[PDB]
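This report concerns only the one structure given below.
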Amino acid sequence: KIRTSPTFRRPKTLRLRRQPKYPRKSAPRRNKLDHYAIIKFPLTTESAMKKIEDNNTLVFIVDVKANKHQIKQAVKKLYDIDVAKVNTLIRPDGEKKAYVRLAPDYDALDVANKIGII
Amino acid sequence: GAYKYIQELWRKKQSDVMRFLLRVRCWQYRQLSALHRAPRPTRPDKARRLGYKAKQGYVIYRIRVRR
Amino acid sequence: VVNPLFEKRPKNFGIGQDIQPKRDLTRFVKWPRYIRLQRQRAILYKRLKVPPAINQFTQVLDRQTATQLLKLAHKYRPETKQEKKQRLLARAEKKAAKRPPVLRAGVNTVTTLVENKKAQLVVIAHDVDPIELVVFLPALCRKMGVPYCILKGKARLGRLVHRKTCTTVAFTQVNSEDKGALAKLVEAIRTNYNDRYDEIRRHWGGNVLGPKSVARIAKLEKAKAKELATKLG
Amino acid sequence: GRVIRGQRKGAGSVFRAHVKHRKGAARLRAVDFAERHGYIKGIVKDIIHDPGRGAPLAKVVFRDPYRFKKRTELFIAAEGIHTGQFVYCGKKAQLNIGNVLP
RNA sequence: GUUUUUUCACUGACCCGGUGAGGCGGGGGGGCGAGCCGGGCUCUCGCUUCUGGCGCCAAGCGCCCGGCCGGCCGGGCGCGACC
C-alpha cells in the first residue's frame, strides 16, 4: 500500500448501534393529541352558519398544535365524512379556527344537524 | 526494593542522566496540549507516596501552566 | 497475429508535459501530531548526547542467545489462573487421602533478591518507558556479582509471565537438568555485560547528525581534502 | 486626557481597511517542482482594476502538474502585459517582460 | 591548571514563510562538450517558448490464477513511473 495523497485523513472505524440493557422510560407516552382532544367545539355564529350553508363547509375550534392533515383525519374519524380541504387561521383569542370543506356529495348542514349545531 | 533507588535517583536532578531525561521529557510535554490524560504515572514512587494506587478508577492527568 | 489497432501510447512525464503519475509520497505526508512527535523523539536520541547509563540499554543481547534464553525460561513460567485452581483441587484430593522452581518477576522483587544474593541471572528489558525503573540495576548486578543481560522487549519478557509487559525476570533457582544449560548462558552473558562494565560506563550514545547534514559536511571535507590530493601533484 | 486619534487606529472597527470590493490578495505563484527545476506556462486571461490600488492586476491561468485542474492566480501586472500572452515561471524560463524567475 | 571573554561554524531546543506539508539529500542509470589511448574520471542537463487549442481516471510488455468450449469470458501483481 502506497500513500497516494500527501494528506493523512482519519480512517473510518466501525460504529456500533445502541443496544441498551434497559429502556430509559418504562412505557411509551400516550398520544395526548387524541382525535377528541384535537377538536374542541364548533362555532354556532351567524358568520359560520352562512359558511356552512353556502360553501358546504364546517367551522371548528381546534387545538393550536394541529396540522391540516391531523384536522382532516380527525374529522374523517369523529364524523365519518371525508374532507375536500382544510383552511386554518389563528384567532386573536388564541384559538385555531378550521374551515373544513366536505366532499360535493356530503351536505354540511345535514352533517351539522346530527352533531347538534343548527 | 526498587522504589528507594528511584527515590534517591530523582534527588540527583543535576546529574547527566536526570538532566537528559528531564530535558527530553520537557520537550515532549511541550509539544502536547495544555491539559491531556497521561496513560500512567510518570513518577510512580512519588505518585505512590502521595496516594496513587495502581488499580481501576485511578486517573493521571498531565498539565502545564505558565510561569 | 498482432492486431494493428493496438497502439503503444507513451506518456512523457516531464515538467509541464503531462500530468504526473499517482506517485508514492510517504515522505511528504503531513503526519498527525502523535506520529510526528514519536518520530522526532526517535531522532533526538540520535542527536543528543545520551549518557552511558541510558546508552547501555541500546547494547543488547544478540539474536541467537535470546532464543536460548527464552527456551530456558519457557521451562520455568509461573502458573496461569487455571493451574492455580487445579493445584487447589489437587491439594484437596491430596488431603482427602515442595515448591517447584519458577521465574520471579517485578523490579521490586528482582532488586531485593539481587541485594540478597538469591538471583543467578537477571533479564532486563531494553524499552522501559520510564528508564528510572531499571537504570540503576546493571550497576546493582555488577557490584553484587549477579550476571545481568538486556533483552529486546518488555512485551516478549511479558510473555514469559501471563501479563502484558514485564520489566525484569530473575532466574534464582533452576532444575538440575537445566543447571548446565543455565551455566552455558551465564558465561557468555558475564563476558559481555559484567566483565566489560568499565567500558559500558564510559560509552556515551547519540551525537550523530542526520544523513542530509553529514553528506553536506562530507562533500565539503571531500573538497578540502581533494584540494590537498590534487595540488600536491 | 482623552485617547488621541493616532492611538485609536490600532483598535480597529472604524479605521479598518475597505476590502469589500477588492479582488483578492495579489501574490506570486507558489513554488513547486516545475518552478524550481524548469518552467511552467500560463495564460493572461484579463486585466482587472483592484479598488484602493493604483496598480492593475492580471488573472493568470496555469494547469496543475499533478491534477487535471486549471489554477487561477492574481499577479500584479507588469507594464506591457496584454491578454493572450503566455507568462512563464521558473529557473529555466527566459528573460522577458512579465516572466518571473529567481 | 580552572575560569573569563572574541570570532568562525553545526542543529537539535526556539522563531518565520510556503503548501492540499507532491518529486528533499546522497547514489545509480542516459545524453553533450575538455582530455588520456573500447576503460575510469572534471562538468552539465534528463526532454514544455511563433500561435487566446487539447492534455486525469494508462497504452504497451512480462507474470499468474479463476469459470465456460490451445478457443470464448474476466481478475490480480511488477516494469512502465530507478534505489
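So you know, we letter chains A, B, ... as the sequences are listed, proteins then strands, and number each from 1. Quick note: numbers below take in every heavy atom, side chains included, and nothing from hydrogens, waters or symmetry partners.
For C/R9, the salt bridge (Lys or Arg N to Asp or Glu O under 4.0 Å) partners two or more places apart in sequence, or in a different chain, are C/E7. When the salt bridge (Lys or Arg N to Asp or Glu O under 4.0 Å) test is applied to B/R11, the partners found at least two apart in sequence or on another chain are B/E8. The salt bridge (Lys or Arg N to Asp or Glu O under 4.0 Å) check on C/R201 picks up C/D198, with sequence neighbours excluded. Scanning for ring-ring contact (aromatic ring centres under 6.0 Å, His included) contacts around C/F28 gives an empty result, with sequence neighbours left out. Applying the salt bridge (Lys or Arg N to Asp or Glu O under 4.0 Å) criterion to C/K152, with sequence neighbours excluded, gives no partner residue. Applying the ring-ring contact (aromatic ring centres under 6.0 Å, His included) rule to C/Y193 yields the partners C/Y148; only residues at least two apart in sequence or on another chain are considered.
Applying the salt bridge (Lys or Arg N to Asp or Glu O under 4.0 Å) test to pairs two or more places apart or on separate chains, those with a residue in residues 85-103 of chain A are A/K40-A/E95, A/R91-A/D93. Within the structure, no pair that satisfies the ring pair (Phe, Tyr, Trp, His ring centres under 6.0 Å) test touches residues 4-24 of chain C, not counting sequence neighbours. Residue pairs meeting the salt bridge (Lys or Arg N to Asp or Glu O under 4.0 Å) criterion with at least one member in residues 8-24 of chain D: none, sequence neighbours excluded. For residues 63-83 of chain D, the salt bridge (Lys or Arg N to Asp or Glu O under 4.0 Å) pairs, not counting sequence neighbours, are D/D64-D/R71. The list of ring pair (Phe, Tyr, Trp, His ring centres under 6.0 Å) pairs with a residue in residues 208-233 of chain C, not counting sequence neighbours, is empty. Listed by first and then second residue, the salt bridge (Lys or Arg N to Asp or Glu O under 4.0 Å) pairs involving residues 25-41 of chain B are B/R25-C/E132 (not counting sequence neighbours).
Using cut-offs of 30° and 60° for the angle between ring planes, the A/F8 and C/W31 rings count as tilted.
D/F62 carries D/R29 over the face of its six-membered ring, with the cationic atom under 6.0 Å from the centre and within 45° of the normal. Geometrically, D/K41 engages D/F86 in a cation-pi contact, judged by NZ or CZ lying under 6.0 Å from the ring centre and within 45° of the ring axis. No cation-pi contact links C/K49 to B/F20, judged by a cut-off of 6.0 Å to the six-membered ring centre and 45° from its axis.
With respect to the salt-bridge test (charged N to carboxylate O, under 4.0 angstrom), the residues B/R49 and B/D45 qualify. C/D24 has no carboxylate O lying under 4.0 Å from a charged side-chain N of C/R27, or vice versa, which leaves the two without a salt bridge.
In terms of heavy-atom proximity, A/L102 sits nearest to A/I81 at CD2-CD1, 3.7 Å.
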